[PDB]
>>> print(open('work31.txt').read())   # compact mmCIF, C-alpha atoms
# COMPACT_ATOMS: atom_id res chain seq x y z
CA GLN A 12 -12.40 67.94 5.00
CA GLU A 13 -15.70 69.38 6.24
CA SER A 14 -16.92 70.60 2.84
CA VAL A 15 -16.57 67.10 1.37
CA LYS A 16 -18.16 65.64 4.51
CA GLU A 17 -21.13 68.00 4.18
CA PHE A 18 -21.37 67.31 0.44
CA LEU A 19 -21.55 63.56 1.06
CA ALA A 20 -24.03 64.05 3.91
CA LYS A 21 -26.36 65.94 1.58
CA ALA A 22 -25.80 63.38 -1.17
CA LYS A 23 -26.98 60.61 1.16
CA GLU A 24 -30.07 62.56 2.30
CA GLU A 25 -31.12 63.06 -1.34
CA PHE A 26 -30.46 59.43 -2.27
CA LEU A 27 -32.50 58.10 0.65
CA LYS A 28 -35.53 60.25 -0.21
CA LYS A 29 -35.72 58.69 -3.69
CA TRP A 30 -34.69 55.25 -2.37
CA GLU A 31 -37.67 55.08 -0.02
CA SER A 32 -40.16 56.39 -2.65
CA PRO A 33 -39.07 55.16 -6.09
CA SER A 34 -40.54 56.55 -9.28
CA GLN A 35 -42.41 54.16 -11.59
CA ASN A 36 -44.10 54.20 -14.99
CA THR A 37 -42.74 57.51 -16.27
CA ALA A 38 -42.98 56.76 -20.03
CA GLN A 39 -44.26 54.16 -22.51
CA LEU A 40 -42.89 52.35 -25.55
CA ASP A 41 -44.90 54.04 -28.30
CA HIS A 42 -43.47 57.44 -27.28
CA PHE A 43 -40.16 56.33 -28.88
CA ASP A 44 -38.88 55.39 -32.34
CA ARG A 45 -36.41 52.50 -32.61
CA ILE A 46 -33.10 53.40 -34.32
CA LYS A 47 -30.39 50.76 -33.82
CA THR A 48 -29.19 48.02 -31.49
CA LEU A 49 -26.20 49.23 -29.43
CA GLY A 50 -25.48 46.05 -27.44
CA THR A 51 -26.87 42.60 -26.71
CA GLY A 52 -26.83 40.15 -23.81
CA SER A 53 -28.27 36.91 -22.43
CA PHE A 54 -31.58 38.45 -21.29
CA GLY A 55 -31.57 42.00 -22.67
CA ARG A 56 -30.47 44.52 -25.28
CA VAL A 57 -29.69 48.23 -25.44
CA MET A 58 -31.27 50.29 -28.25
CA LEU A 59 -30.75 53.80 -29.56
CA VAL A 60 -34.20 55.43 -29.56
CA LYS A 61 -35.59 58.87 -30.39
CA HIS A 62 -38.38 60.49 -28.39
CA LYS A 63 -41.11 61.31 -30.90
CA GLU A 64 -42.34 64.59 -29.41
CA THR A 65 -39.02 66.13 -28.35
CA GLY A 66 -36.64 64.49 -30.84
CA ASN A 67 -34.19 63.69 -28.03
CA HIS A 68 -32.04 60.57 -28.31
CA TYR A 69 -31.74 58.03 -25.49
CA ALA A 70 -30.29 54.57 -24.84
CA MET A 71 -33.15 52.18 -23.93
CA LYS A 72 -32.24 49.02 -22.03
CA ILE A 73 -34.85 46.29 -22.59
CA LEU A 74 -34.97 43.18 -20.38
CA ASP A 75 -37.11 40.14 -21.18
CA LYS A 76 -38.95 39.29 -17.94
CA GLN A 77 -39.18 35.56 -18.63
CA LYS A 78 -35.44 35.36 -19.34
CA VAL A 79 -34.59 37.41 -16.22
CA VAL A 80 -36.51 34.87 -14.12
CA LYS A 81 -34.84 31.84 -15.70
CA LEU A 82 -31.34 33.33 -15.34
CA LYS A 83 -32.21 34.05 -11.67
CA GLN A 84 -31.66 37.79 -12.03
CA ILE A 85 -34.88 39.08 -10.40
CA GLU A 86 -33.33 40.77 -7.35
CA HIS A 87 -30.47 42.18 -9.41
CA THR A 88 -32.81 43.84 -11.93
CA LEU A 89 -34.92 45.35 -9.15
CA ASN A 90 -31.68 46.54 -7.52
CA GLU A 91 -30.52 48.13 -10.79
CA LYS A 92 -33.63 50.24 -11.35
CA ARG A 93 -34.23 51.27 -7.72
CA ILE A 94 -30.61 52.43 -7.39
CA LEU A 95 -30.44 54.20 -10.76
CA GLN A 96 -33.57 56.23 -10.09
CA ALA A 97 -32.09 57.40 -6.75
CA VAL A 98 -28.46 58.34 -7.56
CA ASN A 99 -27.02 61.58 -8.96
CA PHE A 100 -23.31 62.12 -9.74
CA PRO A 101 -21.37 63.73 -12.63
CA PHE A 102 -19.82 60.43 -13.82
CA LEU A 103 -22.93 58.20 -13.68
CA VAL A 104 -25.18 57.76 -16.73
CA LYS A 105 -28.54 59.31 -15.83
CA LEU A 106 -31.77 57.29 -15.86
CA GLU A 107 -34.46 59.40 -17.55
CA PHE A 108 -37.56 57.14 -17.62
CA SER A 109 -38.60 53.61 -16.69
CA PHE A 110 -41.64 51.42 -17.37
CA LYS A 111 -42.78 47.84 -17.98
CA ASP A 112 -45.33 46.03 -20.14
CA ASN A 113 -46.65 42.48 -20.45
CA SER A 114 -43.27 41.13 -21.59
CA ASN A 115 -40.38 43.48 -20.83
CA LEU A 116 -38.72 45.90 -18.43
CA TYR A 117 -37.44 49.22 -19.85
CA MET A 118 -34.81 51.68 -18.59
CA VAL A 119 -34.38 54.79 -20.75
CA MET A 120 -30.95 56.34 -20.12
CA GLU A 121 -28.94 59.26 -21.44
CA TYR A 122 -27.14 58.35 -24.67
CA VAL A 123 -23.33 58.73 -24.65
CA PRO A 124 -22.23 58.82 -28.32
CA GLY A 125 -18.49 58.49 -27.64
CA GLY A 126 -18.79 54.75 -27.01
CA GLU A 127 -16.96 52.45 -24.61
CA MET A 128 -13.54 53.14 -23.11
CA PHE A 129 -12.78 49.53 -24.12
CA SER A 130 -12.94 50.33 -27.85
CA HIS A 131 -10.65 53.35 -27.51
CA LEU A 132 -8.16 51.46 -25.31
CA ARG A 133 -8.01 48.55 -27.75
CA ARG A 134 -7.57 50.89 -30.73
CA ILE A 135 -4.59 52.72 -29.21
CA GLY A 136 -2.99 49.81 -27.32
CA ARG A 137 -2.44 51.46 -23.93
CA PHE A 138 -2.97 54.82 -22.22
CA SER A 139 -0.10 56.99 -20.89
CA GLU A 140 -0.13 57.25 -17.09
CA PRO A 141 -1.57 60.83 -17.15
CA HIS A 142 -4.41 59.60 -19.39
CA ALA A 143 -5.07 56.55 -17.18
CA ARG A 144 -4.92 58.81 -14.11
CA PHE A 145 -7.53 61.24 -15.47
CA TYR A 146 -10.04 58.36 -15.86
CA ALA A 147 -8.97 56.65 -12.62
CA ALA A 148 -9.65 59.85 -10.63
CA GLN A 149 -13.24 59.91 -11.89
CA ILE A 150 -13.74 56.31 -10.76
CA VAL A 151 -12.24 57.08 -7.32
CA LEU A 152 -14.71 59.96 -6.83
CA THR A 153 -17.59 57.81 -8.12
CA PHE A 154 -16.79 54.95 -5.71
CA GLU A 155 -16.41 57.47 -2.85
CA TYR A 156 -19.94 58.68 -3.64
CA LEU A 157 -21.47 55.20 -4.10
CA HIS A 158 -19.78 53.73 -1.01
CA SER A 159 -20.96 56.64 1.17
CA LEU A 160 -24.52 55.64 0.19
CA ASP A 161 -23.71 52.03 1.23
CA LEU A 162 -23.79 50.92 -2.42
CA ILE A 163 -21.39 48.41 -3.97
CA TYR A 164 -21.02 48.65 -7.74
CA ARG A 165 -19.56 45.18 -8.55
CA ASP A 166 -19.23 45.48 -12.34
CA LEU A 167 -16.17 47.61 -13.06
CA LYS A 168 -14.69 46.83 -16.49
CA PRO A 169 -13.65 48.97 -19.49
CA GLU A 170 -16.83 48.09 -21.41
CA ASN A 171 -19.02 49.84 -18.80
CA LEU A 172 -17.23 53.21 -18.94
CA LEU A 173 -18.57 55.42 -21.74
CA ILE A 174 -16.76 58.54 -22.99
CA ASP A 175 -18.89 61.66 -23.33
CA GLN A 176 -18.56 64.69 -25.61
CA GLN A 177 -16.18 66.44 -23.17
CA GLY A 178 -14.00 63.33 -22.89
CA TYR A 179 -15.23 62.50 -19.37
CA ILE A 180 -16.38 59.08 -18.07
CA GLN A 181 -20.03 58.04 -17.65
CA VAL A 182 -20.46 54.73 -15.78
CA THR A 183 -23.25 52.45 -17.06
CA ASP A 184 -24.75 49.05 -16.10
CA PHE A 185 -25.97 48.83 -12.49
CA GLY A 186 -27.11 45.22 -12.93
CA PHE A 187 -24.91 44.01 -10.07
CA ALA A 188 -25.13 47.14 -7.90
CA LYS A 189 -26.51 46.56 -4.41
CA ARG A 190 -27.17 48.43 -1.15
CA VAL A 191 -25.08 46.55 1.44
CA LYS A 192 -24.39 47.71 4.97
CA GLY A 193 -22.24 44.70 5.89
CA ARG A 194 -21.36 41.61 3.86
CA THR A 195 -22.87 40.17 0.71
CA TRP A 196 -22.31 36.80 -0.97
CA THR A 197 -23.45 36.70 -4.62
CA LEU A 198 -21.02 35.37 -7.23
CA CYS A 199 -21.09 37.99 -9.98
CA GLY A 200 -18.75 40.06 -12.13
CA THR A 201 -16.45 39.49 -15.07
CA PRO A 202 -13.63 36.97 -14.39
CA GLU A 203 -10.58 39.21 -15.00
CA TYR A 204 -11.89 41.77 -12.48
CA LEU A 205 -13.06 39.53 -9.59
CA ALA A 206 -11.47 40.00 -6.16
CA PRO A 207 -10.06 36.87 -4.45
CA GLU A 208 -12.77 36.85 -1.76
CA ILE A 209 -15.46 36.58 -4.48
CA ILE A 210 -13.67 33.65 -6.15
CA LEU A 211 -13.31 31.96 -2.74
CA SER A 212 -17.06 32.22 -1.94
CA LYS A 213 -16.55 34.40 1.14
CA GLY A 214 -18.79 37.14 2.49
CA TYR A 215 -17.34 40.31 0.97
CA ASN A 216 -17.83 44.09 1.11
CA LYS A 217 -17.02 47.31 -0.73
CA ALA A 218 -13.30 46.48 -0.90
CA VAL A 219 -14.05 44.36 -3.99
CA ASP A 220 -14.66 47.64 -5.89
CA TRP A 221 -11.20 48.91 -4.91
CA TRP A 222 -9.62 45.64 -6.09
CA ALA A 223 -11.42 46.11 -9.41
CA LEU A 224 -10.05 49.68 -9.65
CA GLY A 225 -6.56 48.20 -9.35
CA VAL A 226 -7.31 45.85 -12.27
CA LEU A 227 -8.71 48.71 -14.37
CA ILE A 228 -5.73 50.99 -13.78
CA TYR A 229 -3.36 48.14 -14.66
CA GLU A 230 -5.24 47.37 -17.87
CA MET A 231 -5.42 51.05 -18.94
CA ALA A 232 -1.67 51.49 -18.35
CA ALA A 233 -0.45 48.15 -19.76
CA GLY A 234 -3.01 47.33 -22.45
CA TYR A 235 -3.96 43.98 -20.86
CA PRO A 236 -5.26 42.84 -17.45
CA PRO A 237 -2.90 41.72 -14.66
CA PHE A 238 -4.18 38.13 -14.25
CA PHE A 239 -4.81 37.30 -17.92
CA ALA A 240 -5.08 33.67 -19.03
CA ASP A 241 -6.86 31.60 -21.69
CA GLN A 242 -9.49 29.99 -19.43
CA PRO A 243 -11.34 31.29 -16.35
CA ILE A 244 -9.93 28.58 -14.06
CA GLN A 245 -6.39 29.78 -14.80
CA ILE A 246 -7.45 33.41 -14.31
CA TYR A 247 -8.85 32.54 -10.88
CA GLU A 248 -5.67 30.69 -9.86
CA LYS A 249 -3.59 33.77 -10.75
CA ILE A 250 -5.93 36.15 -8.87
CA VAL A 251 -5.56 34.22 -5.60
CA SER A 252 -1.79 33.60 -5.93
CA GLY A 253 -0.71 36.96 -4.49
CA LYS A 254 1.71 37.73 -7.34
CA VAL A 255 1.52 40.16 -10.27
CA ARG A 256 4.14 41.15 -12.85
CA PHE A 257 4.51 44.86 -13.74
CA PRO A 258 5.79 46.14 -17.09
CA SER A 259 9.11 47.90 -16.71
CA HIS A 260 7.60 51.06 -18.20
CA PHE A 261 5.30 51.45 -15.15
CA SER A 262 6.41 54.23 -12.80
CA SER A 263 7.50 53.30 -9.28
CA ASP A 264 4.51 55.26 -7.91
CA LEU A 265 2.11 53.29 -10.14
CA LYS A 266 3.56 49.95 -8.99
CA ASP A 267 3.21 50.96 -5.33
CA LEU A 268 -0.43 52.02 -5.73
CA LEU A 269 -1.29 48.81 -7.60
CA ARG A 270 0.37 46.57 -4.99
CA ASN A 271 -1.93 48.16 -2.39
CA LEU A 272 -5.13 47.94 -4.49
CA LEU A 273 -4.36 44.39 -5.72
CA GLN A 274 -3.73 43.26 -2.16
CA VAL A 275 -5.14 39.75 -1.78
CA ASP A 276 -5.76 40.25 1.97
CA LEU A 277 -8.88 42.44 2.06
CA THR A 278 -8.09 43.78 5.55
CA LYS A 279 -4.85 45.31 4.18
CA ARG A 280 -6.25 46.65 0.88
CA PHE A 281 -6.22 50.37 0.10
CA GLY A 282 -9.69 51.83 0.35
CA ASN A 283 -10.56 49.40 3.16
CA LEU A 284 -8.25 50.75 5.88
CA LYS A 285 -9.02 53.19 8.69
CA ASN A 286 -8.38 56.19 6.43
CA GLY A 287 -10.69 54.79 3.74
CA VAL A 288 -10.54 56.42 0.33
CA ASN A 289 -8.04 59.04 1.53
CA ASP A 290 -5.22 56.47 1.36
CA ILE A 291 -5.90 56.40 -2.38
CA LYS A 292 -6.48 60.11 -2.95
CA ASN A 293 -3.29 61.02 -1.03
CA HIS A 294 -1.06 58.46 -2.79
CA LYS A 295 1.92 59.86 -4.70
CA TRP A 296 0.55 58.56 -8.02
CA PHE A 297 -2.31 61.07 -7.68
CA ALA A 298 -0.13 64.01 -6.55
CA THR A 299 -0.93 66.03 -9.70
CA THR A 300 -4.72 65.43 -9.40
CA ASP A 301 -6.98 68.36 -8.41
CA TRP A 302 -9.93 66.39 -7.05
CA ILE A 303 -12.35 69.33 -6.96
CA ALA A 304 -11.40 70.33 -10.52
CA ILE A 305 -12.12 66.78 -11.75
CA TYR A 306 -15.52 66.76 -10.02
CA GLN A 307 -16.38 70.18 -11.50
CA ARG A 308 -15.21 68.98 -14.96
CA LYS A 309 -12.71 71.84 -15.34
CA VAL A 310 -9.76 69.65 -16.42
CA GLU A 311 -9.09 69.38 -20.17
CA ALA A 312 -9.54 65.76 -21.20
CA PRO A 313 -6.73 63.85 -22.95
CA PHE A 314 -9.06 62.67 -25.71
CA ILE A 315 -12.29 63.93 -27.30
CA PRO A 316 -14.27 61.20 -29.15
CA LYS A 317 -15.08 61.80 -32.81
CA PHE A 318 -18.80 61.76 -33.66
CA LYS A 319 -21.15 63.82 -35.81
CA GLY A 320 -24.02 64.50 -33.40
CA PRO A 321 -26.34 63.08 -30.73
CA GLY A 322 -27.72 60.45 -33.16
CA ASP A 323 -24.33 59.17 -34.40
CA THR A 324 -23.74 55.46 -33.69
CA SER A 325 -20.31 55.08 -35.34
CA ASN A 326 -18.55 54.50 -32.00
CA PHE A 327 -20.70 51.42 -31.24
CA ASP A 328 -20.71 48.12 -33.10
CA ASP A 329 -23.17 46.28 -35.35
CA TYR A 330 -25.59 43.59 -34.14
CA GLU A 331 -28.30 41.54 -35.82
CA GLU A 332 -31.50 43.61 -35.56
CA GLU A 333 -34.06 41.36 -33.87
CA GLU A 334 -37.73 41.82 -33.11
CA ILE A 335 -38.83 43.09 -29.70
CA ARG A 336 -42.30 41.66 -29.06
CA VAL A 337 -44.89 42.45 -26.39
CA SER A 338 -47.20 39.55 -25.55
CA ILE A 339 -50.98 39.81 -25.35
CA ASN A 340 -50.76 38.22 -21.88
CA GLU A 341 -48.91 39.48 -18.79
CA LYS A 342 -45.77 37.53 -17.87
CA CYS A 343 -44.21 37.37 -14.39
CA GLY A 344 -46.40 40.16 -13.04
CA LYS A 345 -45.91 39.28 -9.37
CA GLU A 346 -42.12 39.05 -9.60
CA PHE A 347 -41.79 42.61 -10.91
CA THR A 348 -44.62 44.36 -9.01
CA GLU A 349 -42.20 46.96 -7.61
CA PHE A 350 -40.49 47.83 -10.92
>>> encode(input="work31.txt", output="structure tokens")
Amino acid sequence: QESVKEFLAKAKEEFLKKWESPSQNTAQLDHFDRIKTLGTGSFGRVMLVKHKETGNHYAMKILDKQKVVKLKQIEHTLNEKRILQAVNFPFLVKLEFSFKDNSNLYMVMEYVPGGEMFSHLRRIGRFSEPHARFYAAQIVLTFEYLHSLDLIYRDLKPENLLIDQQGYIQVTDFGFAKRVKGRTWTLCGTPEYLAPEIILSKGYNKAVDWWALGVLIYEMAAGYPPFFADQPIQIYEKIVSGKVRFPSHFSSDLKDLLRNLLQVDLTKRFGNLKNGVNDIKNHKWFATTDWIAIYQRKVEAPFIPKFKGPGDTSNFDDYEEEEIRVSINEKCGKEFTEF
């Protein structure tokens, strides 16, 4: 379809202009008030903040440089910020500012008060197929965009999909995203969502994203992931076995799509064939989907999150509120010169 081809051609031109000349140092810490911790990790946290002069709310991701080094995440964190400042798509959380100081790296992103899809899925149990399909279509379009820029996302899971005020998806966390024209080799991702070729330490490509879409659709529609087990070693054994059990309430169209996304042979997997993403968009399971209407956000969402305003944190959970310090001396300056 020429209009989609010309859209993606323009999208790539605009990405490459920002990719080759990244923005840096577009804000500073004392322009923001700290409100609440929204999430915590091994080397970073995400905070709700308020801009002092405008009053706007943002989500500020803060990474400790010394911990990033020790956890061997230097290239990944440079990847995350260079990609985020260059992309632009309706279902990607927008990066608004970035900066660094003696101790930390900061990415100030749009705040999505509806919270994670994971919380809503776990509250309700499972999504109906139309509800799962509405979200799945947004991920298909987002991966079509990212893959046309030669980007692999590599972190699809329900926790990284936030629900906005219109009930649409906003994808967050580009920590494992990478520009890859051929193969790449890093072991990363959450265990339930890893493709077999990652587990087997092969050189892999963008088809691992389409495998992960299969896992996400299964989990949305069933309430649990297809290769679930108590320990990661058992999860990995199931992933590479080539078998998967479908609930009887799954439609025949859903089972057929999932068999082709959860295809252990990457050269036979939907999204990685000669027709590319069109094998997915043309599948019978998506016959009711108006792809342009999804992109333009003209479809009524199945669910509108409940929240009181742009500063409401009730859809996120509670964490110990810990100090964020900035050392008198510069740490790891050379490693993060380009940030």
>>> closest_residue(input="work31.txt", among="A:140, A:341, A:121, A:161", to="residue 182 (chain A)", atoms="all atoms listed in the file")
A:121
>>> residues_near_point(input="work31.txt", point="(-18.4, 31.0, 2.5)", cutoff="12 Å", atoms="only C-alpha atoms", output="list in words")
residues 194, 195, 196, 197, 198, 208, 209, 210, 211, 212, 213, 214 and 215 of chain A
>>> atom_distance(input="work31.txt", atom1="CA of residue 328 (chain A)", atom2="CA of residue 123 (chain A)")
13.8 Å
>>> closest_residue(input="work31.txt", among="A:162, A:298, A:143, A:275", to="residue 313 (chain A)", atoms="all atoms listed in the file")
A:143
>>> atom_distance(input="work31.txt", atom1="CA of residue 80 (chain A)", atom2="CA of residue 54 (chain A)")
9.4 Å
>>> atom_distance(input="work31.txt", atom1="CA of residue 230 (chain A)", atom2="CA of residue 90 (chain A)")
28.4 Å
>>> residues_around(input="work31.txt", residues="residue 180 (chain A)", least_positions_apart="6", cutoff="8 Å", atoms="all atoms listed in the file", output="list in words")
residues 102, 103, 146, 149, 172, 173 and 174 of chain A
>>> residues_around(input="work31.txt", residues="residue 322 (chain A)", least_positions_apart="4", cutoff="10 Å", atoms="all atoms listed in the file", output="PDB file with C-alpha atoms, keeping the file's coordinate frame")
ATOM      1  CA  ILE A  46     -33.100  53.400 -34.320  1.00  0.00           C
ATOM      2  CA  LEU A  59     -30.750  53.800 -29.560  1.00  0.00           C
ATOM      3  CA  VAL A  60     -34.200  55.430 -29.560  1.00  0.00           C
ATOM      4  CA  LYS A  61     -35.590  58.870 -30.390  1.00  0.00           C
ATOM      5  CA  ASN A  67     -34.190  63.690 -28.030  1.00  0.00           C
ATOM      6  CA  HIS A  68     -32.040  60.570 -28.310  1.00  0.00           C
ATOM      7  CA  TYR A  69     -31.740  58.030 -25.490  1.00  0.00           C
ATOM      8  CA  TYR A 122     -27.140  58.350 -24.670  1.00  0.00           C
ATOM      9  CA  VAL A 123     -23.330  58.730 -24.650  1.00  0.00           C
ATOM     10  CA  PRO A 124     -22.230  58.820 -28.320  1.00  0.00           C
ATOM     11  CA  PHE A 318     -18.800  61.760 -33.660  1.00  0.00           C
TER      12      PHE A 318
END
>>> residues_around(input="work31.txt", residues="residue 43 (chain A)", least_positions_apart="3", cutoff="6 Å", atoms="only C-alpha atoms", output="ChimeraX atom specification")
/A:40,61-63
>>> residues_near_point(input="work31.txt", point="(-28.4, 45.4, -24.2)", cutoff="10 Å", atoms="all atoms listed in the file", output="list in words")
residues 48, 49, 50, 51, 52, 53, 54, 55, 56, 57, 58, 70, 71, 72, 73, 74 and 184 of chain A
>>> closest_residue(input="work31.txt", among="A:29, A:144, A:345, A:190", to="residue 264 (chain A)", atoms="all atoms listed in the file")
A:144
>>> residues_around(input="work31.txt", residues="residue 113 (chain A)", least_positions_apart="5", cutoff="12 Å", atoms="only C-alpha atoms", output="PyMOL selection string")
chain A and resi 40+74-77+336-345+347-348
>>> write_last_selection(input="work31.txt", atoms="C-alpha atoms", output="PDB file, in the frame of the given file")
ATOM      1  CA  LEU A  40     -42.890  52.350 -25.550  1.00  0.00           C
ATOM      2  CA  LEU A  74     -34.970  43.180 -20.380  1.00  0.00           C
ATOM      3  CA  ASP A  75     -37.110  40.140 -21.180  1.00  0.00           C
ATOM      4  CA  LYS A  76     -38.950  39.290 -17.940  1.00  0.00           C
ATOM      5  CA  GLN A  77     -39.180  35.560 -18.630  1.00  0.00           C
ATOM      6  CA  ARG A 336     -42.300  41.660 -29.060  1.00  0.00           C
ATOM      7  CA  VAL A 337     -44.890  42.450 -26.390  1.00  0.00           C
ATOM      8  CA  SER A 338     -47.200  39.550 -25.550  1.00  0.00           C
ATOM      9  CA  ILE A 339     -50.980  39.810 -25.350  1.00  0.00           C
ATOM     10  CA  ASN A 340     -50.760  38.220 -21.880  1.00  0.00           C
ATOM     11  CA  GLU A 341     -48.910  39.480 -18.790  1.00  0.00           C
ATOM     12  CA  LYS A 342     -45.770  37.530 -17.870  1.00  0.00           C
ATOM     13  CA  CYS A 343     -44.210  37.370 -14.390  1.00  0.00           C
ATOM     14  CA  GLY A 344     -46.400  40.160 -13.040  1.00  0.00           C
ATOM     15  CA  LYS A 345     -45.910  39.280  -9.370  1.00  0.00           C
ATOM     16  CA  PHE A 347     -41.790  42.610 -10.910  1.00  0.00           C
ATOM     17  CA  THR A 348     -44.620  44.360  -9.010  1.00  0.00           C
TER      18      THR A 348
END
>>> decode(input="work31.txt", residues="region 150-168 of chain A", atoms="C-alpha atoms", output="CSV table (one decimal), in the first residue's frame")
chain,number,residue,atom,x,y,z
A,150,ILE,CA,1.6,-3.4,19.3
A,151,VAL,CA,1.5,-4.7,15.7
A,152,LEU,CA,1.6,-1.1,14.3
A,153,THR,CA,4.3,-0.1,16.8
A,154,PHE,CA,6.5,-3.0,15.8
A,155,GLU,CA,5.9,-2.2,12.2
A,156,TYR,CA,7.1,1.3,12.8
A,157,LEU,CA,10.1,0.3,15.0
A,158,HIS,CA,11.2,-2.5,12.7
A,159,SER,CA,11.1,-0.2,9.6
A,160,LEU,CA,13.7,2.0,11.4
A,161,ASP,CA,15.8,-1.2,12.0
A,162,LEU,CA,15.0,-1.1,15.7
A,163,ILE,CA,14.4,-4.2,17.9
A,164,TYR,CA,12.4,-3.5,21.0
A,165,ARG,CA,13.3,-6.7,23.1
A,166,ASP,CA,11.3,-6.0,26.3
A,167,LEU,CA,7.6,-6.7,25.5
A,168,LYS,CA,5.7,-7.6,28.7
